[PDB]
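>>> Just the first chains of my complex for now:
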Amino acid sequence: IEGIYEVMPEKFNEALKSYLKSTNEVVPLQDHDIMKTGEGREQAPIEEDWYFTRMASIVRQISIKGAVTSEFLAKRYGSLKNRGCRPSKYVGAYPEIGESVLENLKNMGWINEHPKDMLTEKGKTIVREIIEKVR
């Protein structure tokens, strides 16, 4: 959409993060308190509710590009792997975290199907409420 570049991207993430927790419709992974978010990591996320700050990270940029696939998401949340007595390399996130957020949004009726535009009017109307609140 337009106007999503005018708001500070760290306050948008906190403005529909607390909004998502107050609907009780999202269901996290099979277990998200025990796993580390990728193969190039060593320890689990320090925060307790990374799964909601991680979903609103995907919903900001589902509205910039307009269509997200389950391979760009793994490729965008990677890290540097420590390979010991060798030099390090770049690996992406688990392909399982990125698709479980593309179905929570679908069941709530936000992203439709489309490969060139993934948002319904109920999604565009909701996102436009957070833009106008954190000017």
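Arrived safely, thanks for sending. Numbering: from 1, shown residues only, chains lettered A, B, ... in the order given.
>>> now the helices for chain A?
With DSSP state H as the criterion, chain A has helices at A:9-15, A:17-20, A:50-60, A:72-76, A:95-107, A:121-131.
>>> and among these, the most buried is which?
For the helices of chain A, average neighbour numbers computed from mean count of other CB atoms under 10 Å are highest in helix A:50-60, which has a mean of 19. The C-beta positions use only the backbone N, C-alpha and C, and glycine is treated the same way.
>>> could you say what helices and strands that one packs with?
Here helix A:50-60 touches helix A:9-15, helix A:17-20, helix A:95-107, going by 3 or more CB pairs under 8 Å, 6 or more residues apart in numbering; DSSP states H and E.
>>> Need the ones you listed in a markdown table (columns: distance to residue A:44).
Output for the helices and strands packed on helix A:50-60, formatted as a markdown table (distance: least, CB to CB, whole Å):
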| stretch | distance to residue A:44 |
| --- | --- |
| helix A:9-15 | 20 |
| helix A:17-20 | 19 |
| helix A:95-107 | 13 |
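>>> just so I know, which of those helices lies nearest residue A:47?
helix A:17-20 (10.8 Å; CB to CB).
>>> can you list contacts of the closest one?
For helix A:17-20, contacts defined as CB atoms under 8 Å, 6 or more residues apart in numbering pick out A:26, A:52, A:53, A:55, A:56, A:130.
>>> and if we set it to 7 Å?
Residues from elsewhere that reach helix A:17-20 (CB atoms under 7 Å, 6 or more residues apart in numbering): A:26, A:52, A:53, A:55, A:56.
>>> add one more, call it chain B:
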Amino acid sequence: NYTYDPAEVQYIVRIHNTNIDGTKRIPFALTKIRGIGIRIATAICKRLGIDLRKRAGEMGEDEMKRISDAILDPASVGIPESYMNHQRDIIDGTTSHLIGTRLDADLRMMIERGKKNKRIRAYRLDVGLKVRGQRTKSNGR
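Chain B now in position relative to the chains above:
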């Protein structure tokens, strides 16, 4: 500092016959045991319900009695099966998580059971030679 930090702490703590340091945070302090790293110790302290941000020295007997029993079998607190260091044993077939004094007794039986059948990997592993594909001509002296 009204309530940010405590006023007095115990300097020593005894769990599973090892003296935990009582001035560190909880998930780090349990790594003095042998069999507990920082990646499974912080999972037990999250299913139980312990506060991650609290020194181990300041704990009642209720907590130290709970988590000292969760460490025996972690499959009862609810951690998956792919997290234990000893799955699907070759002698009976049951998964478990050996800890402390039961670690060094487990491989010491492997080396002995393998010499009766005169294996080769159990003769090299007994006198300290490299058992995986490494080349022993310039390194390892």
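>>> now that chain B has been added, could you go back to what packs on helix A:50-60?
helix A:9-15, helix A:17-20 (3 or more CB pairs under 7 Å, 6 or more residues apart in numbering or on different chains; DSSP states H and E).
>>> count of neighbours near residue 44?
Answering for chain A, as no chain was given. 18 (other CB atoms under 10 Å in any protein chain shown).
>>> try again with chain B
The number of residues near residue B:44, taken as other CB under 10 Å, comes to 22.
>>> What residues does chain B have near chain A?
B:38, B:39, B:42, B:43, B:46, B:79 (CB under 7 Å from any CB of the partner chain).
>>> Filter these down to the ones in helices?
Going by DSSP H, the helices hold B:42, B:43, B:46 from these.
>>> what helix or strand is the closest residue to the first one other than its chain neighbours on?
In space, residue B:42 comes closest to residue B:27 once its chain neighbours are excluded; the distance is 4.1 Å by CB to CB, 6 or more residues apart in numbering or on different chains. Element membership for residue B:27, per DSSP states H and E: helix B:26-29.
>>> Now do that helix: which elements does it pack against?
helix B:41-47.
>>> Identify the residues contacting the helix it packs on?
The contact list for helix B:41-47 (CB atoms under 7 Å, 6 or more residues apart in numbering or on different chains) reads A:33-34, A:44, B:26-27, B:30-31, B:52, B:67, B:70-71, B:74, B:77-79.
>>> Stretch A:58-68 too?
Against stretch A:58-68 from outside (CB under 7 Å, 6+ apart): A:1, A:4, A:9, A:12, A:16, A:73, A:101, A:111, A:114-119, A:127.
>>> try it again with 6 Å
A:1, A:4, A:101, A:115, A:116, A:117, A:118, A:127 (CB atoms under 6 Å, 6 or more residues apart in numbering or on different chains).
>>> one more, chain C:
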Amino acid sequence: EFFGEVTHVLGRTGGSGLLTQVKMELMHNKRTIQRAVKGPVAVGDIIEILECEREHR
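The block that follows adds chain C to the chains above:
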């Protein structure tokens, strides 16, 4: 301390071309004087001293 402005560059004569002979001209009372310096000196430069009693050549 004293001063002086280099006005002639005689030559570079060190153990391994390190020092460079020079001809200073004291300013509180005009007096030419020879002297050996260590850094990359040019003409017109003004060096310091802390005693002006040697000529080196």
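>>> Re-run the earlier check on the contacts of helix A:17-20 with chain C in the model.
With CB under 6 Å, 6+ apart, helix A:17-20 has contacts from A:52, A:53, A:56.
>>> ok, for the second one, nearest residue in space, not its chain neighbours?
Think residue A:53. According to CB to CB, 6+ apart, the nearest residue to residue A:53 is residue A:17 (5.4 Å).
>>> Extract the C-alpha set from the helix holding residue B:27 and format it as CSV.
Only the C-alpha atoms of helix B:26-29 are listed here, as CSV (Å, rounded to 0.1, in the frame of the first residue of the first chain):
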residue,chain,number,x,y,z
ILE,B,26,19.4,-20.4,36.8
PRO,B,27,19.8,-21.8,33.3
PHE,B,28,23.5,-21.2,33.3
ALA,B,29,24.1,-22.6,36.7
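>>> Buried residues of that helix, list them for me.
Neighbour-count burial for helix B:26-29 flags B:26, B:27, B:29 (criterion: 16 or more other CB atoms under 10 Å in any protein chain shown).
>>> Kindly report the same for stretch B:30-46.
B:30-33, B:35-36, B:40-46.
>>> May I have the phi/psi pair for residue B:110?
phi -60, psi -50 (degrees, to the nearest 10).
>>> Can you tell me the number of residues neighbouring residue B:83?
By other CB under 10 Å, 15 other residues sit near residue B:83.
>>> who's in contact with it?
If you count contacts by CB under 6 Å, 6+ apart, residue B:83 has them with residue B:40.
>>> Over to stretch B:49-62 now: how far is its first residue from its last?
Distance across stretch B:49-62, first residue to last, is 12 Å (CA to CA, to the nearest Å).
>>> For residue B:93, state which of the contacts of helix A:17-20 is nearest.
Nearest to residue B:93 among the contacts of helix A:17-20 is residue A:52, at 40.7 Å by CB to CB.
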